[PDB]
Amino acid sequence: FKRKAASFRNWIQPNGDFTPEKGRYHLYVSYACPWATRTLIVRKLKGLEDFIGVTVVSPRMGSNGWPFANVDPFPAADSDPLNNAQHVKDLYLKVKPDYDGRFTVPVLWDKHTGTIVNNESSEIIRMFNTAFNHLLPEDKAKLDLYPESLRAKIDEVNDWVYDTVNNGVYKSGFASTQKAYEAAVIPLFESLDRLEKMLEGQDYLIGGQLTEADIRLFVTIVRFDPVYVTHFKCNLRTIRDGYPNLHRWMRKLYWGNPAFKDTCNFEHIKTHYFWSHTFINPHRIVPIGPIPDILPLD
Amino acid sequence: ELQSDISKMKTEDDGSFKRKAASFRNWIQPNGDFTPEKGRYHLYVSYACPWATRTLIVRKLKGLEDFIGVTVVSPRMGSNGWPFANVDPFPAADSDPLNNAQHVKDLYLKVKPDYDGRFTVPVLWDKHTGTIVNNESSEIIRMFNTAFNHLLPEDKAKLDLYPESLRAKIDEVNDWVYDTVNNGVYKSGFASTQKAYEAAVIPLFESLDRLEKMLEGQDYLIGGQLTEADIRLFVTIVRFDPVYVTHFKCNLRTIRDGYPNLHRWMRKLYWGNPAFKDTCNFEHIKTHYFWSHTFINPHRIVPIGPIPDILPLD
Ligand SMILES: N[C@@H](CCC(=O)N[C@@H](CS)C(=O)NCC(=O)O)C(=O)O
């Protein structure tokens, strides 16, 4: 498996086409997508709700891609209030009728220019971290998920976490031969062993504080036991019974911070993967287990 | 032959899986068509198959290894059903030493060319008449338990996996263990609608809870001794973490992490009794299920986990 890179790459900035203003931007997401979920977590952590709206698609990705709730009603899914789109593809096609890539989420939309600002989760969360600091209340303005002295270590972990873990699980799950499957899953678990020892005495990956590296990791790890273990055959061992440090870390984040918990919808997560990926799971059946979705704090 | 052959099959339209009964149901009796003799009967099995594994376990427990030969098929059960090793080489798999069969189906079609059922292992074969005696694991293990007793050494002859005082309980336990556990995992795994899956997987785990309680303080399901109830249970449990959890979506919890008594009970049998360990081939087990059931697993990928296949004793 090879991930086709994102094609809308503009930034929100004081001095550009896309300036930081209240009620100008809008974020289209699925609760199921860990990429999109990065942007939801950071959006809450930075208290950006008044500047940035959110529309949640249905988790059931049929042949037309991600549907809006008026096409496919599902608990906690929304209709598109802006462009009245039926599927995420309409957003893309409206602004670029010749667009040749995947119709992905997250989509960061500009309500003023009627265009897509950025559809790359790593950039959305980066801009979310600073671009609105001047308009936000104190504590929210001060929060820095990418602080200067840690940017080197963050960039480092981000790159290999992205490669072997965030994308690793999908490389494992989408591989169509035994050899490609094994070539992906072994590094995945090697990297987990590494993260596991990194967290031996810590509550955060890097620097004793919350960073965007924890956010990027969390979205994968929280989906691991409920989905990746079975759905993507990433099953050498599990988080809850295989990785005490990762398990503690993930649970602290989940239970202790509404930004990680309120943006985490397990029904959307399990429905999306199991029901949509018929090339892996032909009858679209959603396993009941494991129970529970996530364990309480120790 | 493909329709009753290639496991790319059909369920009931409500989604549920309805197992067809085995149709070769004869017994080894003192003067029947099939009398007990050393060197007359042969057993065709896969190591993957829990039903067939029942017969392999009892065969060792009862000291029947010198009496009844065994031929192990390849676990890769393709469009022609189970193959012999000359058709599909696989470590520890055999070619047919008796009838030059390509696939297990050739055994069935030789004796009944109009056979319409499934070509299942185990097959208990009679070398003298060249027919199938019995293809029901539950009956094979019964007859193995008693029918050769007059021919065995005292230690083997005296072993009784179905003793008089425990029979009614064995039968009761066997009945709902078969329905909700042994065949329960298959009902869960093979279900083709969400509803049918849930109707099977929930009672499965209710029965494990029940089994977990029975095994509190106990080393055996019944009567404080090894019986056929353990053997019948063990073949499902030992396959649970390595296969059923992911392949059959029996993942509410695992044995190693969710059921301490079952976990203990299984490791003891496996580690403490060579009949259970020497008949357990995990490579065959995982390859068979994952590679064969393309209607569940289209790319035939066999997961590396969980590691290990079975944990050491404490
Ligand atoms: N009632 C039989 C069931 C045996 C059985 O269905 N074995 C399976 C292996 S899981 C088999 O040979 N399947 C071949 C097929 O169904 O095509 C018994 O207990 O012996």
# chains A, B, ... in the order shown; residues from 1 in each chain; ligands from 1

call {"tool": "residues_around", "arguments": {"residues": "residue 180 of chain B", "least_positions_apart": "6", "cutoff": "7 Å", "atoms": "only C-alpha atoms", "output": "list in words"}}
result
residues 203, 204 and 207 of chain B

call {"tool": "interface_residues", "arguments": {"of": "chain B", "to": "chain A", "cutoff": "9 Å", "atoms": "only C-alpha atoms", "output": "number ranges by chain"}}
result
B: 191-194, 197-198, 201-202, 245-247, 249-254, 257, 295-308

call {"tool": "write_last_selection", "arguments": {"atoms": "N, CA, C and O atoms", "output": "short mmCIF file (atom, residue, chain, number, x, y, z; two decimals), in the first residue's frame"}}
result
data_model
loop_
_atom_site.label_atom_id
_atom_site.label_comp_id
_atom_site.auth_asym_id
_atom_site.auth_seq_id
_atom_site.Cartn_x
_atom_site.Cartn_y
_atom_site.Cartn_z
N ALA B 191 -21.50 -16.53 10.04
CA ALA B 191 -22.73 -15.72 9.91
C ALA B 191 -22.51 -14.64 8.90
O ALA B 191 -21.43 -14.06 8.85
N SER B 192 -23.52 -14.37 8.07
CA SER B 192 -23.39 -13.41 6.96
C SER B 192 -24.22 -12.13 7.14
O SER B 192 -24.21 -11.26 6.28
N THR B 193 -24.92 -12.02 8.27
CA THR B 193 -25.57 -10.76 8.64
C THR B 193 -25.14 -10.41 10.06
O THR B 193 -24.79 -11.30 10.86
N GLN B 194 -25.21 -9.12 10.38
CA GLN B 194 -24.93 -8.65 11.73
C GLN B 194 -25.75 -9.39 12.79
O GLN B 194 -25.23 -9.77 13.84
N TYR B 197 -24.74 -13.00 13.40
CA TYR B 197 -23.47 -13.01 14.12
C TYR B 197 -23.66 -12.83 15.62
O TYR B 197 -23.06 -13.55 16.44
N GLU B 198 -24.50 -11.87 15.99
CA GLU B 198 -24.72 -11.53 17.40
C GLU B 198 -25.46 -12.62 18.16
O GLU B 198 -25.19 -12.84 19.35
N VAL B 201 -22.59 -15.23 18.76
CA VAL B 201 -21.38 -14.87 19.51
C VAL B 201 -21.70 -14.60 20.96
O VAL B 201 -20.89 -14.89 21.83
N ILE B 202 -22.88 -14.04 21.23
CA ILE B 202 -23.29 -13.77 22.64
C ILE B 202 -23.43 -15.07 23.48
O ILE B 202 -22.80 -15.19 24.54
N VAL B 245 -10.77 -15.59 17.74
CA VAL B 245 -10.85 -14.20 18.12
C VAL B 245 -10.94 -13.28 16.89
O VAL B 245 -11.90 -12.52 16.76
N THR B 246 -9.96 -13.38 15.98
CA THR B 246 -9.94 -12.52 14.80
C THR B 246 -10.70 -13.14 13.62
O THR B 246 -11.50 -12.45 12.95
N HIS B 247 -10.46 -14.42 13.35
CA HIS B 247 -11.04 -15.02 12.14
C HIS B 247 -12.55 -15.13 12.26
O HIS B 247 -13.29 -14.85 11.31
N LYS B 249 -14.41 -13.54 14.67
CA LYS B 249 -14.96 -12.38 15.41
C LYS B 249 -15.48 -12.75 16.80
O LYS B 249 -16.39 -12.10 17.34
N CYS B 250 -14.88 -13.78 17.37
CA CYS B 250 -15.16 -14.17 18.73
C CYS B 250 -14.24 -13.40 19.66
O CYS B 250 -13.44 -13.99 20.40
N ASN B 251 -14.38 -12.07 19.64
CA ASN B 251 -13.42 -11.20 20.33
C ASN B 251 -13.92 -10.37 21.51
O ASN B 251 -13.28 -9.38 21.90
N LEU B 252 -15.04 -10.75 22.10
CA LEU B 252 -15.49 -10.08 23.32
C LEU B 252 -14.35 -9.96 24.32
O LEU B 252 -14.08 -8.88 24.84
N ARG B 253 -13.66 -11.07 24.52
CA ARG B 253 -12.41 -11.13 25.27
C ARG B 253 -11.69 -12.38 24.78
O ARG B 253 -12.26 -13.17 24.01
N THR B 254 -10.44 -12.54 25.21
CA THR B 254 -9.62 -13.67 24.78
C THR B 254 -9.54 -14.69 25.92
O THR B 254 -9.95 -14.39 27.05
N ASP B 257 -6.36 -13.69 28.27
CA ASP B 257 -6.52 -12.46 29.03
C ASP B 257 -7.88 -12.29 29.66
O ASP B 257 -8.04 -11.48 30.57
N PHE B 295 -14.30 -16.23 1.84
CA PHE B 295 -15.56 -15.50 2.07
C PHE B 295 -15.49 -14.66 3.37
O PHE B 295 -16.26 -13.73 3.55
N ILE B 296 -14.55 -14.98 4.25
CA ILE B 296 -14.27 -14.17 5.44
C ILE B 296 -13.02 -13.34 5.22
O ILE B 296 -12.96 -12.20 5.69
N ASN B 297 -12.03 -13.91 4.53
CA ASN B 297 -10.68 -13.36 4.49
C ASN B 297 -10.15 -13.36 3.04
O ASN B 297 -9.39 -14.25 2.67
N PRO B 298 -10.58 -12.38 2.21
CA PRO B 298 -10.37 -12.46 0.74
C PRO B 298 -8.95 -12.63 0.28
O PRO B 298 -8.73 -13.37 -0.69
N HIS B 299 -7.98 -11.99 0.95
CA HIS B 299 -6.59 -12.06 0.51
C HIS B 299 -5.79 -13.20 1.12
O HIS B 299 -4.58 -13.30 0.89
N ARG B 300 -6.47 -14.03 1.90
CA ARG B 300 -5.90 -15.26 2.46
C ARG B 300 -4.77 -15.02 3.46
O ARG B 300 -3.99 -15.93 3.76
N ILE B 301 -4.68 -13.79 3.96
CA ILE B 301 -3.58 -13.40 4.84
C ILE B 301 -3.73 -14.10 6.18
O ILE B 301 -4.83 -14.12 6.77
N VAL B 302 -2.61 -14.64 6.66
CA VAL B 302 -2.53 -15.29 7.95
C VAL B 302 -1.81 -14.36 8.95
O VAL B 302 -0.59 -14.17 8.85
N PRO B 303 -2.55 -13.80 9.92
CA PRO B 303 -2.01 -12.88 10.92
C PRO B 303 -0.84 -13.48 11.69
O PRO B 303 -0.84 -14.67 11.99
N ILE B 304 0.16 -12.65 11.99
CA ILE B 304 1.31 -13.14 12.75
C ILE B 304 0.94 -13.43 14.19
O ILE B 304 1.52 -14.31 14.82
N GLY B 305 -0.02 -12.66 14.72
CA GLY B 305 -0.41 -12.79 16.10
C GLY B 305 -1.60 -13.70 16.35
O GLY B 305 -2.26 -14.15 15.41
N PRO B 306 -1.89 -13.96 17.63
CA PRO B 306 -1.10 -13.40 18.73
C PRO B 306 0.15 -14.20 19.03
O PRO B 306 0.21 -15.40 18.75
N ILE B 307 1.13 -13.53 19.63
CA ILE B 307 2.38 -14.16 20.04
C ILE B 307 2.39 -14.38 21.56
O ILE B 307 2.08 -13.46 22.31
N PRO B 308 2.69 -15.61 22.02
CA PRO B 308 2.85 -16.83 21.25
C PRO B 308 1.49 -17.50 20.98
O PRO B 308 0.45 -16.98 21.39
#

call {"tool": "select_by_dssp", "arguments": {"residues": "segment 128-190 of chain B", "states": "helix (DSSP H, G or I)", "output": "number ranges by chain"}}
result
B: 137-146, 149-151, 154-158, 164-182, 184-190

call {"tool": "write_last_selection", "arguments": {"atoms": "N, CA and C atoms", "output": "short mmCIF file (atom, residue, chain, number, x, y, z; two decimals), in the first residue's frame"}}
result
data_model
loop_
_atom_site.label_atom_id
_atom_site.label_comp_id
_atom_site.auth_asym_id
_atom_site.auth_seq_id
_atom_site.Cartn_x
_atom_site.Cartn_y
_atom_site.Cartn_z
N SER B 137 -16.77 -37.36 14.44
CA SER B 137 -15.75 -37.32 15.49
C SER B 137 -16.29 -37.78 16.84
N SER B 138 -17.52 -37.37 17.16
CA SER B 138 -18.13 -37.73 18.43
C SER B 138 -18.26 -39.25 18.58
N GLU B 139 -18.53 -39.96 17.49
CA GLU B 139 -18.65 -41.41 17.55
C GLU B 139 -17.31 -42.15 17.43
N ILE B 140 -16.41 -41.65 16.59
CA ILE B 140 -15.05 -42.14 16.53
C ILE B 140 -14.40 -42.14 17.91
N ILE B 141 -14.45 -41.03 18.64
CA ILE B 141 -13.81 -41.03 19.96
C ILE B 141 -14.49 -42.00 20.95
N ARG B 142 -15.80 -42.19 20.83
CA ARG B 142 -16.50 -43.16 21.67
C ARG B 142 -15.99 -44.56 21.40
N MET B 143 -15.94 -44.95 20.14
CA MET B 143 -15.55 -46.30 19.83
C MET B 143 -14.08 -46.54 20.13
N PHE B 144 -13.25 -45.50 19.97
CA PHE B 144 -11.83 -45.57 20.34
C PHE B 144 -11.68 -45.84 21.83
N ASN B 145 -12.61 -45.29 22.61
CA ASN B 145 -12.58 -45.40 24.05
C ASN B 145 -12.78 -46.84 24.59
N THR B 146 -13.57 -47.64 23.88
CA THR B 146 -13.94 -48.98 24.36
C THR B 146 -13.70 -50.15 23.38
N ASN B 149 -10.58 -52.34 23.68
CA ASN B 149 -10.09 -52.58 25.05
C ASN B 149 -9.49 -53.94 25.33
N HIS B 150 -10.08 -54.99 24.76
CA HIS B 150 -9.60 -56.36 24.94
C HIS B 150 -8.23 -56.61 24.26
N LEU B 151 -7.84 -55.69 23.37
CA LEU B 151 -6.59 -55.80 22.62
C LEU B 151 -5.42 -54.99 23.22
N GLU B 154 -3.10 -53.30 29.87
CA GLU B 154 -3.93 -52.93 31.01
C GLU B 154 -4.04 -51.41 31.24
N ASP B 155 -2.92 -50.70 31.19
CA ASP B 155 -2.90 -49.26 31.47
C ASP B 155 -3.77 -48.49 30.47
N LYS B 156 -3.69 -48.90 29.20
CA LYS B 156 -4.47 -48.25 28.16
C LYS B 156 -5.93 -48.72 28.14
N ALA B 157 -6.13 -50.00 28.44
CA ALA B 157 -7.46 -50.60 28.42
C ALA B 157 -8.34 -50.02 29.52
N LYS B 158 -7.71 -49.66 30.64
CA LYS B 158 -8.44 -49.19 31.81
C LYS B 158 -8.87 -47.73 31.73
N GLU B 164 -19.11 -44.82 33.73
CA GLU B 164 -20.51 -45.03 33.98
C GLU B 164 -21.12 -43.90 34.79
N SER B 165 -20.51 -43.61 35.94
CA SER B 165 -21.03 -42.63 36.90
C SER B 165 -21.09 -41.21 36.37
N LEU B 166 -20.24 -40.89 35.38
CA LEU B 166 -20.16 -39.53 34.83
C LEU B 166 -20.90 -39.34 33.50
N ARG B 167 -21.47 -40.40 32.95
CA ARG B 167 -22.04 -40.34 31.60
C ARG B 167 -23.14 -39.31 31.38
N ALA B 168 -24.07 -39.20 32.34
CA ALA B 168 -25.23 -38.32 32.17
C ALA B 168 -24.80 -36.86 32.13
N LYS B 169 -23.85 -36.51 33.00
CA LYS B 169 -23.28 -35.17 33.07
C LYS B 169 -22.43 -34.86 31.84
N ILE B 170 -21.57 -35.81 31.45
CA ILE B 170 -20.80 -35.65 30.22
C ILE B 170 -21.74 -35.33 29.06
N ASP B 171 -22.83 -36.09 28.94
CA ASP B 171 -23.79 -35.89 27.86
C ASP B 171 -24.46 -34.51 27.91
N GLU B 172 -24.75 -34.04 29.13
CA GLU B 172 -25.41 -32.75 29.31
C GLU B 172 -24.47 -31.62 28.91
N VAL B 173 -23.26 -31.64 29.49
CA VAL B 173 -22.22 -30.67 29.17
C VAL B 173 -21.86 -30.71 27.68
N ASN B 174 -21.56 -31.89 27.15
CA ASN B 174 -21.28 -32.04 25.72
C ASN B 174 -22.33 -31.39 24.84
N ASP B 175 -23.60 -31.51 25.21
CA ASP B 175 -24.68 -31.00 24.37
C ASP B 175 -24.65 -29.47 24.14
N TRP B 176 -24.44 -28.70 25.21
CA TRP B 176 -24.48 -27.24 25.08
C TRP B 176 -23.10 -26.64 24.77
N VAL B 177 -22.04 -27.32 25.18
CA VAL B 177 -20.72 -27.04 24.67
C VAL B 177 -20.64 -27.25 23.15
N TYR B 178 -21.22 -28.34 22.63
CA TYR B 178 -21.23 -28.48 21.20
C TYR B 178 -21.97 -27.30 20.55
N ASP B 179 -23.23 -27.09 20.96
CA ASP B 179 -24.13 -26.11 20.34
C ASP B 179 -23.59 -24.67 20.41
N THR B 180 -23.11 -24.26 21.58
CA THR B 180 -22.80 -22.86 21.82
C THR B 180 -21.32 -22.51 21.76
N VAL B 181 -20.45 -23.51 21.92
CA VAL B 181 -19.00 -23.30 21.89
C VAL B 181 -18.33 -23.95 20.64
N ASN B 182 -18.24 -25.29 20.62
CA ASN B 182 -17.61 -26.04 19.51
C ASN B 182 -18.12 -25.58 18.16
N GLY B 184 -20.49 -23.14 18.07
CA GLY B 184 -20.74 -21.71 18.31
C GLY B 184 -19.76 -20.76 17.62
N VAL B 185 -18.46 -21.06 17.70
CA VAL B 185 -17.48 -20.20 17.04
C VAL B 185 -17.73 -20.16 15.53
N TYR B 186 -18.11 -21.29 14.94
CA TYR B 186 -18.42 -21.36 13.52
C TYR B 186 -19.69 -20.61 13.18
N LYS B 187 -20.73 -20.80 13.99
CA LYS B 187 -21.94 -20.00 13.83
C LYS B 187 -21.65 -18.47 13.89
N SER B 188 -20.79 -18.05 14.81
CA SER B 188 -20.35 -16.65 14.85
C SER B 188 -19.59 -16.29 13.58
N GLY B 189 -18.57 -17.10 13.27
CA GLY B 189 -17.62 -16.78 12.21
C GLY B 189 -18.17 -16.76 10.81
N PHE B 190 -19.09 -17.69 10.55
CA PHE B 190 -19.66 -17.94 9.22
C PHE B 190 -20.96 -17.15 8.99
#

call {"tool": "residues_around", "arguments": {"residues": "residue 20 of chain A", "least_positions_apart": "4", "cutoff": "7 Å", "atoms": "only C-alpha atoms", "output": "VMD selection string"}}
result
chain A and resid 12 to 14 131 to 132

call {"tool": "write_last_selection", "arguments": {"atoms": "N, CA, C and O atoms", "output": "tab-separated table (two decimals), in the first residue's frame"}}
result
chain	number	residue	atom	x	y	z
A	12	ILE	N	-3.38	29.20	6.92
A	12	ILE	CA	-4.01	30.36	7.55
A	12	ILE	C	-2.92	31.19	8.23
A	12	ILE	O	-2.14	30.69	9.05
A	13	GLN	N	-2.89	32.48	7.88
A	13	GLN	CA	-1.73	33.34	8.12
A	13	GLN	C	-2.15	34.80	8.12
A	13	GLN	O	-3.04	35.16	7.37
A	14	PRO	N	-1.48	35.65	8.94
A	14	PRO	CA	-1.79	37.08	8.95
A	14	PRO	C	-1.70	37.71	7.56
A	14	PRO	O	-2.57	38.50	7.18
A	131	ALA	N	-2.02	30.13	14.56
A	131	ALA	CA	-2.61	31.18	13.71
A	131	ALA	C	-3.67	32.09	14.37
A	131	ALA	O	-3.94	33.20	13.86
A	132	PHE	N	-4.27	31.64	15.47
A	132	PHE	CA	-5.38	32.35	16.10
A	132	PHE	C	-5.01	32.80	17.51
A	132	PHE	O	-5.86	33.32	18.25

call {"tool": "closest_residue", "arguments": {"among": "A:163, A:9, A:197, A:252", "to": "residue 127 of chain A", "atoms": "only C-alpha atoms"}}
result
A:9

call {"tool": "residues_near_ligand", "arguments": {"ligand": "ligand 1", "cutoff": "8 Å", "atoms": "only C-alpha atoms and all ligand atoms", "output": "VMD selection string"}}
result
chain B and resid 4 to 7 19 to 22 46 48 to 52 77 81 to 82 118 to 123 135 to 138

call {"tool": "closest_residue", "arguments": {"among": "B:147, B:311, B:255, B:275", "to": "residue 34 of chain B", "atoms": "only C-alpha atoms"}}
result
B:147

call {"tool": "select_by_dssp", "arguments": {"residues": "segment 78-250 of chain B", "states": "strand (DSSP E)", "output": "PyMOL selection string"}}
result
chain B and resi 123-126+131-134

call {"tool": "write_last_selection", "arguments": {"atoms": "N, CA and C atoms", "output": "CSV table (one decimal), in the first residue's frame"}}
result
chain,number,residue,atom,x,y,z
B,123,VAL,N,-12.0,-38.9,8.6
B,123,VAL,CA,-12.6,-40.1,8.0
B,123,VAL,C,-11.9,-41.3,8.6
B,124,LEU,N,-12.7,-42.2,9.2
B,124,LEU,CA,-12.2,-43.4,9.7
B,124,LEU,C,-12.4,-44.5,8.6
B,125,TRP,N,-11.3,-45.0,8.1
B,125,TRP,CA,-11.3,-45.8,6.9
B,125,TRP,C,-11.0,-47.2,7.3
B,126,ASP,N,-11.7,-48.2,6.6
B,126,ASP,CA,-11.5,-49.6,6.8
B,126,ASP,C,-10.6,-50.1,5.6
B,131,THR,N,-13.9,-49.0,2.5
B,131,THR,CA,-15.0,-48.1,2.7
B,131,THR,C,-14.8,-47.2,3.9
B,132,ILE,N,-15.7,-46.2,4.1
B,132,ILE,CA,-15.6,-45.4,5.2
B,132,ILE,C,-16.5,-46.0,6.3
B,133,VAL,N,-16.0,-46.2,7.5
B,133,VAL,CA,-16.7,-46.7,8.6
B,133,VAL,C,-17.6,-45.6,9.2
B,134,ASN,N,-16.9,-44.5,9.5
B,134,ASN,CA,-17.5,-43.4,10.3
B,134,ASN,C,-16.8,-42.1,10.1

call {"tool": "atom_distance", "arguments": {"atom1": "atom CA of residue 101 of chain A", "atom2": "atom CA of residue 2 of chain A"}}
result
12.9 Å

call {"tool": "residues_around", "arguments": {"residues": "residue 40 of chain B", "least_positions_apart": "5", "cutoff": "8 Å", "atoms": "only C-alpha atoms", "output": "ChimeraX atom specification"}}
result
/B:67-68,126-128

call {"tool": "atom_distance", "arguments": {"atom1": "atom CA of residue 116 of chain B", "atom2": "atom CA of residue 75 of chain B"}}
result
22.4 Å

call {"tool": "residues_around", "arguments": {"residues": "segment 79-85 of chain A", "least_positions_apart": "4", "cutoff": "10 Å", "atoms": "only C-alpha atoms", "output": "number ranges by chain"}}
result
A: 26, 28, 54-58, 67-73, 89-91, 94, 109, 111, 114

call {"tool": "write_last_selection", "arguments": {"atoms": "N, CA and C atoms", "output": "JSON list (two decimals), in the first residue's frame"}}
result
[["chain", "number", "residue", "atom", "x", "y", "z"],
["A", 26, "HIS", "N", -14.25, 26.26, 8.20],
["A", 26, "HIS", "CA", -15.12, 25.13, 8.50],
["A", 26, "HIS", "C", -14.37, 23.82, 8.22],
["A", 28, "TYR", "N", -14.59, 19.76, 7.79],
["A", 28, "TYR", "CA", -15.39, 18.59, 7.46],
["A", 28, "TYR", "C", -14.61, 17.34, 7.83],
["A", 54, "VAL", "N", -17.68, 22.74, 12.49],
["A", 54, "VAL", "CA", -17.48, 21.33, 12.18],
["A", 54, "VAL", "C", -18.75, 20.66, 11.67],
["A", 55, "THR", "N", -18.59, 19.90, 10.58],
["A", 55, "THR", "CA", -19.62, 19.01, 10.06],
["A", 55, "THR", "C", -19.06, 17.57, 10.05],
["A", 56, "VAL", "N", -19.80, 16.66, 10.69],
["A", 56, "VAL", "CA", -19.41, 15.26, 10.83],
["A", 56, "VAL", "C", -20.17, 14.43, 9.78],
["A", 57, "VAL", "N", -19.44, 13.73, 8.91],
["A", 57, "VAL", "CA", -20.09, 12.88, 7.90],
["A", 57, "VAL", "C", -20.60, 11.56, 8.51],
["A", 58, "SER", "N", -21.41, 10.82, 7.75],
["A", 58, "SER", "CA", -21.70, 9.42, 8.13],
["A", 58, "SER", "C", -20.45, 8.51, 8.04],
["A", 67, "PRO", "N", -20.65, 9.89, 2.98],
["A", 67, "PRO", "CA", -21.95, 10.54, 2.79],
["A", 67, "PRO", "C", -22.27, 11.54, 3.88],
["A", 68, "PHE", "N", -23.09, 12.54, 3.55],
["A", 68, "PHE", "CA", -23.64, 13.42, 4.57],
["A", 68, "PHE", "C", -24.95, 12.84, 5.09],
["A", 69, "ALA", "N", -25.32, 13.20, 6.32],
["A", 69, "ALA", "CA", -26.43, 12.56, 7.04],
["A", 69, "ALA", "C", -27.78, 12.56, 6.31],
["A", 70, "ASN", "N", -27.93, 13.45, 5.32],
["A", 70, "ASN", "CA", -29.16, 13.48, 4.54],
["A", 70, "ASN", "C", -29.17, 12.38, 3.48],
["A", 71, "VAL", "N", -27.98, 11.93, 3.09],
["A", 71, "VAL", "CA", -27.90, 10.74, 2.26],
["A", 71, "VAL", "C", -27.94, 9.51, 3.18],
["A", 72, "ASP", "N", -27.14, 9.53, 4.24],
["A", 72, "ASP", "CA", -27.05, 8.37, 5.10],
["A", 72, "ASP", "C", -27.16, 8.78, 6.55],
["A", 73, "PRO", "N", -28.39, 8.74, 7.09],
["A", 73, "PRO", "CA", -28.63, 9.13, 8.48],
["A", 73, "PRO", "C", -27.96, 8.13, 9.39],
["A", 89, "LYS", "N", -17.01, 14.15, -1.91],
["A", 89, "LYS", "CA", -16.52, 14.39, -3.28],
["A", 89, "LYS", "C", -17.06, 15.68, -3.94],
["A", 90, "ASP", "N", -18.31, 16.04, -3.65],
["A", 90, "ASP", "CA", -18.91, 17.29, -4.14],
["A", 90, "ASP", "C", -18.08, 18.52, -3.75],
["A", 91, "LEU", "N", -17.56, 18.53, -2.52],
["A", 91, "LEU", "CA", -16.74, 19.64, -2.05],
["A", 91, "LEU", "C", -15.53, 19.80, -2.95],
["A", 94, "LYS", "N", -16.56, 20.68, -6.68],
["A", 94, "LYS", "CA", -17.05, 22.07, -6.77],
["A", 94, "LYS", "C", -15.93, 23.08, -7.02],
["A", 109, "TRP", "N", -12.18, 24.22, 5.06],
["A", 109, "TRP", "CA", -12.91, 24.98, 4.06],
["A", 109, "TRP", "C", -12.92, 26.46, 4.44],
["A", 111, "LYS", "N", -15.20, 29.61, 4.12],
["A", 111, "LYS", "CA", -16.57, 30.10, 3.87],
["A", 111, "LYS", "C", -16.65, 31.38, 3.00],
["A", 114, "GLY", "N", -15.06, 30.24, -0.84],
["A", 114, "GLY", "CA", -15.70, 29.01, -1.33],
["A", 114, "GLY", "C", -14.69, 28.02, -1.89]]

call {"tool": "atom_distance", "arguments": {"atom1": "atom CA of residue 45 of chain B", "atom2": "atom CA of residue 259 of chain B"}}
result
29.5 Å

call {"tool": "residues_around", "arguments": {"residues": "residue 144 of chain A", "least_positions_apart": "3", "cutoff": "9 Å", "atoms": "only C-alpha atoms", "output": "ChimeraX atom specification"}}
result
/A:46,129-130,140-141,147,210-212

call {"tool": "write_last_selection", "arguments": {"atoms": "N, CA, C and O atoms", "output": "mmCIF file, in the first residue's frame"}}
result
data_model
loop_
_atom_site.group_PDB
_atom_site.id
_atom_site.type_symbol
_atom_site.label_atom_id
_atom_site.label_comp_id
_atom_site.auth_asym_id
_atom_site.auth_seq_id
_atom_site.Cartn_x
_atom_site.Cartn_y
_atom_site.Cartn_z
ATOM 1 N N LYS A 46 -7.201 23.953 21.602
ATOM 2 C CA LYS A 46 -6.861 25.346 21.361
ATOM 3 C C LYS A 46 -8.087 26.254 21.450
ATOM 4 O O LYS A 46 -7.990 27.468 21.227
ATOM 5 N N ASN A 129 -2.366 25.510 15.873
ATOM 6 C CA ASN A 129 -1.553 25.740 17.087
ATOM 7 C C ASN A 129 -1.147 27.201 17.307
ATOM 8 O O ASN A 129 -0.855 27.588 18.443
ATOM 9 N N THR A 130 -1.076 27.992 16.235
ATOM 10 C CA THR A 130 -0.562 29.363 16.365
ATOM 11 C C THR A 130 -1.377 30.445 15.673
ATOM 12 O O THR A 130 -1.409 31.570 16.160
ATOM 13 N N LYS A 140 -5.861 29.394 26.327
ATOM 14 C CA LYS A 140 -5.946 28.803 24.999
ATOM 15 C C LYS A 140 -4.874 29.343 24.052
ATOM 16 O O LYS A 140 -4.348 28.598 23.212
ATOM 17 N N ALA A 141 -4.585 30.639 24.178
ATOM 18 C CA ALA A 141 -3.536 31.290 23.403
ATOM 19 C C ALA A 141 -2.160 30.746 23.767
ATOM 20 O O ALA A 141 -1.363 30.490 22.894
ATOM 21 N N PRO A 147 6.272 23.429 20.642
ATOM 22 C CA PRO A 147 7.161 24.442 21.224
ATOM 23 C C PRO A 147 8.609 24.355 20.716
ATOM 24 O O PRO A 147 9.194 23.264 20.661
ATOM 25 N N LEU A 210 2.275 17.837 26.875
ATOM 26 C CA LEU A 210 1.436 17.524 25.720
ATOM 27 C C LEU A 210 1.972 18.183 24.451
ATOM 28 O O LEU A 210 2.220 19.374 24.440
ATOM 29 N N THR A 211 2.193 17.388 23.401
ATOM 30 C CA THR A 211 2.607 17.920 22.103
ATOM 31 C C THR A 211 1.803 17.293 20.987
ATOM 32 O O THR A 211 1.078 16.311 21.195
ATOM 33 N N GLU A 212 1.957 17.836 19.787
ATOM 34 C CA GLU A 212 1.238 17.287 18.652
ATOM 35 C C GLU A 212 1.636 15.854 18.314
ATOM 36 O O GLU A 212 0.915 15.178 17.591
#

call {"tool": "closest_residue", "arguments": {"among": "A:263, A:118, A:202, A:39", "to": "residue 246 of chain A", "atoms": "only C-alpha atoms"}}
result
A:202

call {"tool": "decode", "arguments": {"residues": "segment 7-11 of chain B", "atoms": "C-alpha atoms", "output": "short mmCIF file (atom, residue, chain, number, x, y, z; two decimals), in the first residue's frame"}}
result
data_model
loop_
_atom_site.label_atom_id
_atom_site.label_comp_id
_atom_site.auth_asym_id
_atom_site.auth_seq_id
_atom_site.Cartn_x
_atom_site.Cartn_y
_atom_site.Cartn_z
CA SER B 7 -15.78 -23.61 0.81
CA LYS B 8 -17.04 -20.52 -1.05
CA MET B 9 -20.50 -21.66 0.09
CA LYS B 10 -24.00 -20.37 1.03
CA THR B 11 -25.63 -19.67 4.43
#
